[PDB]
Each structure stands twice: as structure tokens, then as C-alpha cells.
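The next block holds one structure in the form of C-alpha cells; read it before the comments.
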Amino acid sequence: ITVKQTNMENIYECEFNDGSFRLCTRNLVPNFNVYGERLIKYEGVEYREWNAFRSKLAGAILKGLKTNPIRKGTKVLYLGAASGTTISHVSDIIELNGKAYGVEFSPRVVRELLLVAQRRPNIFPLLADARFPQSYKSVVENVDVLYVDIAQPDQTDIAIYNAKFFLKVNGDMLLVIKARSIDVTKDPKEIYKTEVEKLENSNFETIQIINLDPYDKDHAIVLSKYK
Amino acid sequence: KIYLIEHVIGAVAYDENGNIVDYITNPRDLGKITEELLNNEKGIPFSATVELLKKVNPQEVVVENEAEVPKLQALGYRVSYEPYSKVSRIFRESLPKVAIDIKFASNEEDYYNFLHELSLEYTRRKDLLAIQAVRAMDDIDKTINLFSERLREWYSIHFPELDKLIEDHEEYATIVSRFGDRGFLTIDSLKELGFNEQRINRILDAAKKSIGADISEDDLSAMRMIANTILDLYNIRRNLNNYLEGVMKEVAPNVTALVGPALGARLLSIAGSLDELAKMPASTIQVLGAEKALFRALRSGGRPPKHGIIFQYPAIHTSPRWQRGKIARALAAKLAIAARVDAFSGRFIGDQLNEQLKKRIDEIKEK
Amino acid sequence: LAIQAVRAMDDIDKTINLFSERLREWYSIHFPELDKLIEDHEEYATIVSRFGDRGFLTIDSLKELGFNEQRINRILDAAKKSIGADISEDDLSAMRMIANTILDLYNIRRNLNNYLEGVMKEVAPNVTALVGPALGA
RNA sequence: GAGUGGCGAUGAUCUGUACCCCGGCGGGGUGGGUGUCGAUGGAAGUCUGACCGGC
RNA sequence: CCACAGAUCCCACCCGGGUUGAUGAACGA
């Protein structure tokens, strides 16, 4: 075993007993895991294994995400926080300094987000509809990163709307494009092109466009800067 | 023209430039804020906002939310709303800071402590104790054993023969606690705890013919401190079990029907919560605990554990080794169903679950 | 006897730490802010033991521990604005059982240190002179 | 003429074939790793010696 | 250019170390 820093803050790689390499983050709440993930001690510091097949962010990193706008003390608005898988990893990355505002409108699932957010002062859970940022206007502040992973046909438009409410000028947006929940009929690759155009025809500056394959079928993530 | 803001922080009035014209800070009370936020959804203004619109006397006001407009018109003002206004942004840009400026909190440190707990409570509105309790129970179990092991090693300097004569830790401790020296031991005082005729005699004879050490009252009471601690823990344990039973029946009745309060709680503890236990497949539940054994098997392709913390179920650890894997598999399956009826609401159906389980066990045992 | 006593002392030390870590995790369901406000385990335990509910803390009962004017105020304000859970008296006394055990064990420890000092000076005075009773034992 | 008792997701199979043994099965032993602890058990098993400084 | 200083260095005594340890030597009630 060996753990070492990567190009990105608070994000580490492991050499393993057998010779495999897996992403991990620095455990903000030591001894405690959110999903089933492996906990790993190295030189008396504990790390949480970051499975790429579950977390789209881990996926995007392993597909060569140039520069990750999520780091120490960053303020993120997380649309579609779900059960807390990925958001728990951005909590680890951001540390006590920074803040994550998790919006999620499915009660069945916010149920399990609660447990994650109790243990973690970083994360501020919100049971609300990302289509109405007015309904959480009064709890959140403006942010550096708008991380948007919501299953909705007009997902992009939702994201832009939240952006002009909460995203700082020159802030970054990681937008996950779910081809099959925008339209199962259309070609995933035609969808990626037309959604990016919505960002450009607003004023987002497309930095990088990753295809999440192996890890997520019919998915692409866009990194862009709001002006 | 006054641009009005509503936030957890209170009610703030801005001019068109983005300068705080006047503010009224909210009370730092979880109860009242949550309610006012729930109320704001239906268009009801904060009570802090009502006071603020009086102190300033503005002709044209503009709010954030379109549901508020008709409410403030009914209150006497000419009102409109701007969605993602420059002002509303200007406010949130300085929101880490302006919490301190309007004296909502002394520092940033416990603005975020409060806001975290507001968010927690605000979504709660839209099992942990069971877990903690069993975890402490397990600590107490562990400690009883550590101390009893110590006590026997220690007290045996004086009365070595007593160790193999009293199997039971609680009993052993009661003797050292009540007596100390072995020459203080009496038919009368020993009957007064229910030791049987024949055993009292073997104890007293062993104390008479003891090859132990003669030792001061200072030495004995040192030992007796441990004995009394052991006795204290046993009582605390029994109290914790009853408490645990109370909560466990309340929080997860079907699970508790299956494996008892303690083991039920113990599974919750490992899973993290009831809803987490509910989301699990049986094949996970079957191995919880036993992680070292599992990942050893998964890394190498070796033989996996048949059972984790589930080993504690009487039907498993008492049964012969070739029956255990089947019993475990059947239990876990039922537990998964039990956890799920417990999680996604209400109904007690633990009787048929037990009945189905005992059917499966009776079959396993007839081979 | 010197050996047994120090061994039992190292058991108690270990237990005090285990219970105190448990208690803080436990009592923090009700009053989470108190955890980082009280460094000392014995003090923490005394609070959970003497008061119970967070809303039962009082100034003079706290002045009695040794708490300086300023700290009493920080604790009380922390309890007022607490984002902890509202909880039954059954739940609190459950936690309080551990608190009282912690406190007991601290007395037993100090008692064992004195007993140990006595034996250690008797049985190995030169060693005791160098490293103290405990470390000598 | 009245009530019961009736495959099935609300769930069968696959592998811990352990070895082979005596009478698919009973019993047997040898096995695996795993829970306990132990023993006393087994570990270059227990540093170094020429000059150290102050002047 | 010498003179004289300087401080260092030893250098050896001198003292103390020191025959009741000089040395260096990687932690875990």
C-alpha cells in the first residue's frame, strides 16, 4: 500500500497490495463511511476509497478532467444531491472551511442524505425543487462551483437558472448531461452538442467536455465558466 | 425605491446601489425561523420584514418572491418582484460576512453551526440512540470481561482456589466485594445470596486450606474497588438492555422480533441507520461484522464468511458447522424483509416472519 | 501487588478513555456544541452527570466546578442556540449512567495511584525516586 | 347444512463437494480458516567500550 | 616591510568527567 497526492487538492491515489490504483479522499469523519466504501489508513491518516462507477466526479477525473474547480474551502451548490454518495466526497475535498449546499427533491432519498449530513458540518441538506431556487434562496449564499447532476429533460435550463441566482461571476459549473433522461429516442452524441449550445447561447465558456463511458453509459460532463 | 431581502439572517432593505439602508435581525431560534421559512413558501412575509417595512417608509418596494407581492399589497404598500436581481446577488456575495455585521452571530464559526442545524431541522420538517446505546453496551460487556479477568488474577494472590470454584464473574465479584479476606467467610453470609448447601462448604474448606498470601486491609480494599466496579457495570448493563429494548421495539419492531433488541441494534450500528439497513441485500446483512473475513475472500477468491455479527443468533452458534451457513442465509433474507417493513413504515408482521424462519430452520435440522 | 495494581490502573485508564469517547458521541445527539467546548473528559462527564437536559444547566452549579465567569456564559449560550435533539428523560438517564461510571472510575484511579505510591516506595524506593510510582510499577 | 386445514419472490438450485473411514445417510476421525484465550511455547535475545569534556 | 594585536586551532600540562559510564545507538503504560 502507498497513498500520495495528485494534481488536485485533497484527492489521492493508492498503490495496492496487488498493484491496483484507486482514487480516494481524506476522511473528514474518520471511522465512518457513507456507502460501502473501503476505509484506508496510511501513515496514521484515514482515506475513503472513491469508486468511479458510483461517483460521476471520480469518473470525470479518471477520464482526464484538466483542472478540478472543487478544492480546499470551496463553496459549492450541489443540485441533485441524492443519497449523498458524490456530495460526501466533495465534503472531504472541501474541508471544514468550505461549504456544500445539497438540493434534492425526492424525500425517499433525502432520508438517507440526512444521515450523511448529520455527521458532516460541511453539508447543508435541502429538500426542495431545483426548478424553484426561490424556495432555498433564503438559506444559501453565492458559490464558486455549481455541480449539477439532476435527472430532468430540461436539466440544462434548470442549471442555468440556478446559475444566475447563485453562481459567482467567473465561477465554474460542472454539468452532467444525462442523454437518456433528456430523450431516450435521440442519439446521446446529438444531445451533448445541443445542450452545450444552450450554455454557450447563455454565457458559459465551455472549458472541457468529458464522456463518462466505462463508468456511466450515455453520460457526458461539461466544465464551463459563467461570465 | 427599496429592494427587500429575506434570509435566515433576517430582513434587510437595500437601495438600488446595493447599500444596506436598514435591517432587522432575526432571533437566533431554530423553531421560529423554520416556521417562517415554511410560511414564506405560501407568500407570508417574515415578521422581521413587517417591522422593517414600518421603520423605513418606502413608496415603491421590490421583493424576491412573486408569492409575497399580494400579501404586502394587502398590508398597504405598492409592490413588485425581481427574480435574480443584482441586489439579491449583491446580498449573497457578502453573506458569509453580513451575518456578523447585522449581529446575527458573533463570528462565522457559529453562523454556520446554526445554519447547519437550521437546514437539518428544516428538511426534517419537510434510531441514533438505539445505535449509541448498544455501542455503550458493547463497551460495558468488553470492560466487565477485562476487569473480571484482572480481578481474578489480582484476588488470587490471596485466595487462588476461589477462581476455578466460581465460574460466574458476577458471583466471583460479589464475594470479593462483600468479604475481602477469606477468613471473613461465613455459612450465614453466603446463604444470604443463595449459594447452595454443598457449594458453600467447598468454598469455606478451600478458604481454610488455602495456600494464598496473608495480606493487609489496604491491599484487599484496593482489589474490592474493582469488584464493586464490576458489580456496578452489571447493573448498568441490565438497565441499558431494558432501555435498548424500549427504543428498538419502537424504531424497528420487526427486526427486534427476529433477533432481539441487542443484535438488532448491533446491525443498525454497522449499517449506520435503519434506512441504510433497509437498502441492503440479504447477502450483505449476512456478513456485516466479519469485514476482515469478507475482503480477504474477495481479494483472493478464497472462502467467504458464512456469517458476521449474525453469528450471535442462538440458532446459528449452537448448531453444527454444516447447518450454520443455511441458517445464516435464511435469517439474513428475513432480516432484509424485516428491516424494509420497519423502514418504509409501520406494520408489525414479525410473527409470520418468525414462523417462516423457524420452518426453514426445522427443515435444515432434518438432515 | 504493585504489578496487579498498575495493571488495573492501565485497564481503568483505557476504560475511562473508551467511555468518554462513547459518551461524547452519545451525548452529542442532544447537545453537540458542548463536545468541542470541553476539552477535559472528567469535566465533560460532570456536566452530563449533574445537569441532564441542556436546559438544566445553571450558573452557580457551574461556578462550583471551577469554571471561570466567561466560560459559563459560552456554555449556556451554546445550549440556548443548540441545534441538538429534543429528547426524553429515559434517553438522558441512559447517557447519564455512562457519565457516572466515568466519574466513579476517576476516583478509583486516584485511589489506586495513592495505593500504588505506598507499595512502590516500600518495594522499590530507588526506582520510584527516578520515574515515579506508576512508571516504576 | 357451518368451520378448517392446501406447492410458490411475501423466493427451489450451485460450492464450502473437505479426506477417507465403518455401519444417499449415522458415526468416525484427518482438514480449512475463523471466535476465544492460553501456554512458558518460537524470534544476533536483551549496545558499545577509548579515552569525555572545562580549562 | 616589519611590529603588535586578534581569535581559532590544537598542542600538553592543568581541573572536572570518570572506574558509581564516553560513545553513538529509530518509541509508544
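Going by the C-alpha cells order, chains are called A, B, ..., each with residues numbered from 1, while ligands are numbered from 1 in the order shown.
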
Test item: residues at most 12 Å from residue 142 (chain B), only C-alpha atoms (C1' of nucleotides), excluding those fewer than 3 positions along its chain, as a ChimeraX atom specification: /B:135-139,145-149,230,233-234,237 /C:11,14-15,18-19

Find the residues near region 11-24 of chain E: any atom within 12 Å, counting only C-alpha atoms (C1' of nucleotides), skip ones fewer than 5 places away on the same chain, and give them as a PyMOL selection string. chain D and resi 47-55

Write the selection just made, keeping N, CA, C and O atoms (P, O5', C5', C4', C3', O3' and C1' of nucleotides), as a PDB file, in the first residue's frame?
ATOM      1  P     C D  47      22.073  -6.596  25.411  1.00  0.00           P
ATOM      2  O5'   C D  47      22.127  -5.272  24.531  1.00  0.00           O
ATOM      3  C5'   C D  47      22.952  -4.192  24.952  1.00  0.00           C
ATOM      4  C4'   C D  47      23.974  -3.802  23.913  1.00  0.00           C
ATOM      5  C3'   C D  47      25.355  -3.434  24.438  1.00  0.00           C
ATOM      6  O3'   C D  47      26.195  -4.571  24.470  1.00  0.00           O
ATOM      7  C1'   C D  47      24.577  -1.768  22.941  1.00  0.00           C
ATOM      8  P     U D  48      27.624  -4.523  25.190  1.00  0.00           P
ATOM      9  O5'   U D  48      28.479  -3.505  24.339  1.00  0.00           O
ATOM     10  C5'   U D  48      29.081  -3.854  23.109  1.00  0.00           C
ATOM     11  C4'   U D  48      29.783  -2.633  22.629  1.00  0.00           C
ATOM     12  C3'   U D  48      30.667  -2.067  23.711  1.00  0.00           C
ATOM     13  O3'   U D  48      31.941  -2.649  23.678  1.00  0.00           O
ATOM     14  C1'   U D  48      29.212  -0.378  22.945  1.00  0.00           C
ATOM     15  P     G D  49      32.298  -3.758  24.767  1.00  0.00           P
ATOM     16  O5'   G D  49      33.562  -3.143  25.510  1.00  0.00           O
ATOM     17  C5'   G D  49      34.766  -2.883  24.793  1.00  0.00           C
ATOM     18  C4'   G D  49      34.743  -1.528  24.131  1.00  0.00           C
ATOM     19  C3'   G D  49      35.873  -0.598  24.532  1.00  0.00           C
ATOM     20  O3'   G D  49      36.203   0.269  23.441  1.00  0.00           O
ATOM     21  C1'   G D  49      33.779   0.243  25.345  1.00  0.00           C
ATOM     22  P     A D  50      37.635   0.146  22.702  1.00  0.00           P
ATOM     23  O5'   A D  50      37.969   1.641  22.234  1.00  0.00           O
ATOM     24  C5'   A D  50      39.300   2.166  22.266  1.00  0.00           C
ATOM     25  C4'   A D  50      39.320   3.679  22.392  1.00  0.00           C
ATOM     26  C3'   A D  50      40.581   4.269  23.022  1.00  0.00           C
ATOM     27  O3'   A D  50      40.796   5.573  22.481  1.00  0.00           O
ATOM     28  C1'   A D  50      38.716   4.823  24.360  1.00  0.00           C
ATOM     29  P     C D  51      42.276   6.109  22.157  1.00  0.00           P
ATOM     30  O5'   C D  51      42.130   7.696  22.261  1.00  0.00           O
ATOM     31  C5'   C D  51      42.057   8.369  23.519  1.00  0.00           C
ATOM     32  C4'   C D  51      40.731   8.147  24.214  1.00  0.00           C
ATOM     33  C3'   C D  51      39.879   9.362  24.562  1.00  0.00           C
ATOM     34  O3'   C D  51      39.184   9.994  23.500  1.00  0.00           O
ATOM     35  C1'   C D  51      39.870   7.883  26.378  1.00  0.00           C
ATOM     36  P     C D  52      38.515  11.451  23.743  1.00  0.00           P
ATOM     37  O5'   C D  52      37.376  11.243  24.847  1.00  0.00           O
ATOM     38  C5'   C D  52      36.014  11.078  24.473  1.00  0.00           C
ATOM     39  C4'   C D  52      35.056  11.806  25.393  1.00  0.00           C
ATOM     40  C3'   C D  52      35.142  13.319  25.405  1.00  0.00           C
ATOM     41  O3'   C D  52      34.569  13.935  24.273  1.00  0.00           O
ATOM     42  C1'   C D  52      34.991  12.559  27.613  1.00  0.00           C
ATOM     43  P     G D  53      35.324  15.180  23.602  1.00  0.00           P
ATOM     44  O5'   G D  53      36.065  15.871  24.822  1.00  0.00           O
ATOM     45  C5'   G D  53      36.119  17.282  24.906  1.00  0.00           C
ATOM     46  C4'   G D  53      35.122  17.789  25.905  1.00  0.00           C
ATOM     47  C3'   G D  53      35.568  19.008  26.695  1.00  0.00           C
ATOM     48  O3'   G D  53      35.320  20.225  26.022  1.00  0.00           O
ATOM     49  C1'   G D  53      34.967  17.348  28.198  1.00  0.00           C
ATOM     50  P     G D  54      35.783  21.609  26.680  1.00  0.00           P
ATOM     51  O5'   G D  54      34.919  21.676  28.006  1.00  0.00           O
ATOM     52  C5'   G D  54      34.245  22.853  28.375  1.00  0.00           C
ATOM     53  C4'   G D  54      34.862  23.389  29.623  1.00  0.00           C
ATOM     54  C3'   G D  54      36.203  24.059  29.434  1.00  0.00           C
ATOM     55  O3'   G D  54      36.134  25.382  28.965  1.00  0.00           O
ATOM     56  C1'   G D  54      36.411  22.502  31.126  1.00  0.00           C
ATOM     57  P     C D  55      37.167  25.833  27.832  1.00  0.00           P
ATOM     58  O5'   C D  55      38.326  26.563  28.634  1.00  0.00           O
ATOM     59  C5'   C D  55      38.070  27.155  29.893  1.00  0.00           C
ATOM     60  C4'   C D  55      39.187  26.847  30.846  1.00  0.00           C
ATOM     61  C3'   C D  55      40.574  27.062  30.277  1.00  0.00           C
ATOM     62  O3'   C D  55      41.008  28.397  30.435  1.00  0.00           O
ATOM     63  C1'   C D  55      40.446  24.913  31.221  1.00  0.00           C
TER      64        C D  55
END

DSSP on the backbone: what in region 100-347 of chain B comes out helix (DSSP H, G or I), as a ChimeraX atom specification? /B:100-101,109-125,128-155,160-162,169-178,182-184,187-191,197-208,217-251,253-259,261-271,274-278,282-285,291-300,309-312,314-318,321-343

Using only C-alpha atoms and a cut-off of 12 Å, which residues of chain C sit close to chain A? Please list them as a PyMOL selection string. chain C and resi 25+28-29+32-33+83-85

Could you write those residues out with N, CA, C and O atoms, as an mmCIF file, in the first residue's frame?
data_model
loop_
_atom_site.group_PDB
_atom_site.id
_atom_site.type_symbol
_atom_site.label_atom_id
_atom_site.label_comp_id
_atom_site.auth_asym_id
_atom_site.auth_seq_id
_atom_site.Cartn_x
_atom_site.Cartn_y
_atom_site.Cartn_z
ATOM 1 N N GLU C 25 -19.786 11.113 21.869
ATOM 2 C CA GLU C 25 -20.521 10.743 20.660
ATOM 3 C C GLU C 25 -22.015 10.596 20.952
ATOM 4 O O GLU C 25 -22.864 10.921 20.106
ATOM 5 N N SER C 28 -23.688 14.002 22.390
ATOM 6 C CA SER C 28 -23.711 14.990 21.297
ATOM 7 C C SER C 28 -24.966 14.921 20.410
ATOM 8 O O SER C 28 -25.166 15.774 19.548
ATOM 9 N N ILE C 29 -25.822 13.921 20.621
ATOM 10 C CA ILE C 29 -27.096 13.891 19.909
ATOM 11 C C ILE C 29 -27.984 15.006 20.462
ATOM 12 O O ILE C 29 -28.755 15.637 19.732
ATOM 13 N N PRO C 32 -24.530 18.918 20.913
ATOM 14 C CA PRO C 32 -23.328 18.664 20.139
ATOM 15 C C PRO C 32 -22.242 19.709 20.354
ATOM 16 O O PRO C 32 -21.057 19.381 20.279
ATOM 17 N N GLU C 33 -22.632 20.950 20.627
ATOM 18 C CA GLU C 33 -21.658 22.037 20.740
ATOM 19 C C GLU C 33 -20.795 21.952 22.000
ATOM 20 O O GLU C 33 -19.734 22.571 22.072
ATOM 21 N N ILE C 83 -28.327 23.274 18.234
ATOM 22 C CA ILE C 83 -29.023 22.568 17.161
ATOM 23 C C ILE C 83 -29.100 21.071 17.462
ATOM 24 O O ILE C 83 -29.130 20.238 16.548
ATOM 25 N N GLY C 84 -29.128 20.739 18.751
ATOM 26 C CA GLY C 84 -29.203 19.354 19.201
ATOM 27 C C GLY C 84 -30.630 18.857 19.220
ATOM 28 O O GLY C 84 -31.552 19.595 18.870
ATOM 29 N N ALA C 85 -30.816 17.608 19.641
ATOM 30 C CA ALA C 85 -32.127 16.953 19.610
ATOM 31 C C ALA C 85 -32.885 17.064 20.923
ATOM 32 O O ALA C 85 -32.301 16.936 22.003
#

Just need the residues of chain B within 9 Å of chain C, counting only C-alpha atoms, so spit them out as an MDAnalysis selection string. chainID B and resid 28:30 113:114 116:118 120:121 128:129 132:133 135:136 139:140 143 146:147 150:151 153:154 157 218:219 222:223 225:226 229 232:233 236 239:240 243

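What separates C1' of residue 34 (chain D) from CA of residue 322 (chain B) is a distance of 14.2 Å.
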
Selection near region 71-81 of chain A, 9 Å with only C-alpha atoms (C1' of nucleotides), sequence-local residues under 3 positions removed, as a VMD selection string: chain A and resid 8 to 11 68 84 to 87 90 92 to 105 110 113 125 to 126 130 140 to 151 159 162 166 to 167

Could you tell me how far CA of residue 216 (chain A) lies from CA of residue 181 (chain A), in Å and to one decimal?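 Here the two named atoms are 13.2 Å from each other.
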
For chain B against chain A, with a cut-off of 6 Å and counting only C-alpha atoms, what is the closest atom pair and its distance in Å to one decimal for every residue that makes the cut, ordered by chain and number, as CSV?
residue,atom,partner,partner_atom,distance
B:7,CA,A:138,CA,4.2
B:8,CA,A:138,CA,5.9
B:84,CA,A:165,CA,5.3
B:92,CA,A:141,CA,4.8
B:93,CA,A:142,CA,5.5
B:116,CA,A:124,CA,5.6
B:119,CA,A:124,CA,5.8
B:123,CA,A:127,CA,5.5

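Between CA of residue 310 (chain B) and CA of residue 365 (chain B) the interatomic distance comes to 18.4 Å.
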
Which residues are near residue 228 (chain B)? Cut-off 8 Å, only C-alpha atoms (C1' of nucleotides), ignore same chain within fewer than 6 positions. Put them as a list in words.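 In the requested form, the answer reads residues 173, 174 and 177 of chain B.
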
Can you write just those residues out, N, CA and C atoms, as a short mmCIF file (atom, residue, chain, number, x, y, z; two decimals), in the first residue's frame?
data_model
loop_
_atom_site.label_atom_id
_atom_site.label_comp_id
_atom_site.auth_asym_id
_atom_site.auth_seq_id
_atom_site.Cartn_x
_atom_site.Cartn_y
_atom_site.Cartn_z
N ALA B 173 -17.13 -11.63 41.76
CA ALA B 173 -17.06 -10.23 42.21
C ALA B 173 -17.85 -9.97 43.51
N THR B 174 -19.05 -10.54 43.61
CA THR B 174 -19.88 -10.37 44.81
C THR B 174 -19.16 -10.84 46.08
N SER B 177 -16.35 -8.43 46.88
CA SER B 177 -16.95 -7.17 47.25
C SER B 177 -17.46 -7.20 48.68
#

Write out as an MDAnalysis selection string the set of residues from region 37-181 of chain A that DSSP, computed on the backbone, places in strand (DSSP E). chainID A and resid 39:42 45:49 75:79 99:104 123:127 143:148 167:178

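Proximity of D:7, D:31, D:43, D:36 to residue 19 (chain D), computed with only C-alpha atoms (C1' of nucleotides), is greatest for D:31.
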
Applying 10 Å and only C-alpha atoms (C1' of nucleotides), which residues near residue 277 (chain B) remain after dropping the ones on its own chain fewer than 5 positions away? List them as an MDAnalysis selection string. chainID B and resid 267:272 282 284:285 335:336 338:340 343

With C-alpha atoms retained, export the selected residues as a PDB file, in the first residue's frame.
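To be explicit, this is the file written out as again-v7.pdb:
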ATOM      1  CA  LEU B 267     -26.902  -4.416  12.871  1.00  0.00           C
ATOM      2  CA  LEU B 268     -28.212  -0.833  12.765  1.00  0.00           C
ATOM      3  CA  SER B 269     -24.888   0.322  14.234  1.00  0.00           C
ATOM      4  CA  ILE B 270     -22.854  -1.382  11.497  1.00  0.00           C
ATOM      5  CA  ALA B 271     -25.253  -0.321   8.733  1.00  0.00           C
ATOM      6  CA  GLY B 272     -25.316   3.235  10.158  1.00  0.00           C
ATOM      7  CA  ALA B 282     -29.548 -10.183   2.467  1.00  0.00           C
ATOM      8  CA  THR B 284     -24.701  -8.098   2.898  1.00  0.00           C
ATOM      9  CA  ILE B 285     -26.720  -8.369   6.114  1.00  0.00           C
ATOM     10  CA  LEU B 335     -33.942  -9.594   8.267  1.00  0.00           C
ATOM     11  CA  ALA B 336     -33.779  -7.747   4.947  1.00  0.00           C
ATOM     12  CA  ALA B 338     -37.922  -7.123   8.401  1.00  0.00           C
ATOM     13  CA  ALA B 339     -35.720  -4.030   8.026  1.00  0.00           C
ATOM     14  CA  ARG B 340     -37.715  -2.938   4.987  1.00  0.00           C
ATOM     15  CA  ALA B 343     -38.141   1.347   7.377  1.00  0.00           C
TER      16      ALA B 343
END

Once you count only C-alpha atoms (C1' of nucleotides), which residues of chain D turn out to be within 12 Å of chain B? Could you give them as a list in words? residues 9, 10, 11, 15, 16, 18, 24, 25, 26, 32, 33, 34, 35 and 37 of chain D

What's the 12 Å shell around region 54-65 of chain A, counting only C-alpha atoms (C1' of nucleotides), without same-chain residues fewer than 4 positions away, as number ranges by chain? A: 6-8, 11-13, 21-25, 35-37, 49-50, 69-70, 81-90, 93, 147-150, 174-178, 207-217, 219-224

Residues from the last selection, C-alpha atoms, saved as a tab-separated table (two decimals), in the first residue's frame:
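Okay, this is what ended up in part28.tsv:
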chain	number	residue	atom	x	y	z
A	6	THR	CA	-2.46	14.11	-7.11
A	7	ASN	CA	-2.55	17.27	-9.29
A	8	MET	CA	-5.79	18.19	-7.45
A	11	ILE	CA	-7.53	13.99	-3.91
A	12	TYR	CA	-5.21	10.98	-3.60
A	13	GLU	CA	-4.23	7.74	-5.41
A	21	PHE	CA	-4.68	2.27	-8.48
A	22	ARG	CA	-7.84	3.74	-6.95
A	23	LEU	CA	-8.95	7.26	-6.11
A	24	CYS	CA	-9.67	8.25	-2.51
A	25	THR	CA	-10.33	11.36	-0.41
A	35	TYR	CA	-21.92	3.94	1.25
A	36	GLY	CA	-20.00	0.64	1.47
A	37	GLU	CA	-16.60	2.15	0.59
A	49	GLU	CA	-11.96	4.96	-1.40
A	50	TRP	CA	-13.67	6.85	-4.23
A	69	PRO	CA	-12.66	23.67	-9.55
A	70	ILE	CA	-13.56	21.86	-6.32
A	81	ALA	CA	-27.51	15.52	-4.04
A	82	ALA	CA	-29.49	12.25	-3.86
A	83	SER	CA	-28.36	9.73	-1.17
A	84	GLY	CA	-25.06	11.62	-0.61
A	85	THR	CA	-22.53	9.46	-2.46
A	86	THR	CA	-20.71	12.07	-4.52
A	87	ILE	CA	-21.52	15.01	-2.21
A	88	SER	CA	-19.75	13.21	0.67
A	89	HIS	CA	-16.62	13.12	-1.44
A	90	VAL	CA	-16.86	16.84	-2.24
A	93	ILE	CA	-12.34	17.66	-0.63
A	147	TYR	CA	-22.36	20.97	-9.55
A	148	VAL	CA	-25.46	19.77	-11.38
A	149	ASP	CA	-26.47	16.13	-11.65
A	150	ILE	CA	-30.27	16.05	-11.99
A	174	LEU	CA	-19.81	21.03	-13.63
A	175	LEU	CA	-22.93	19.90	-15.54
A	176	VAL	CA	-23.74	16.22	-16.01
A	177	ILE	CA	-25.61	15.58	-19.28
A	178	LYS	CA	-27.95	12.59	-18.98
A	207	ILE	CA	-13.69	24.60	-20.93
A	208	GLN	CA	-13.80	20.81	-21.25
A	209	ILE	CA	-16.36	18.18	-22.33
A	210	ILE	CA	-15.80	14.65	-21.00
A	211	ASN	CA	-17.51	11.37	-21.97
A	212	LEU	CA	-18.09	9.32	-18.78
A	213	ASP	CA	-18.02	5.89	-20.55
A	214	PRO	CA	-16.94	2.73	-18.96
A	215	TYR	CA	-18.23	4.39	-15.77
A	216	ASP	CA	-21.55	5.86	-16.91
A	217	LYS	CA	-23.35	4.86	-20.10
A	219	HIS	CA	-23.44	10.37	-19.97
A	220	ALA	CA	-21.18	13.37	-20.51
A	221	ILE	CA	-19.96	16.03	-18.10
A	222	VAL	CA	-19.31	19.63	-19.12
A	223	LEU	CA	-16.97	22.04	-17.34
A	224	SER	CA	-17.55	25.72	-18.14
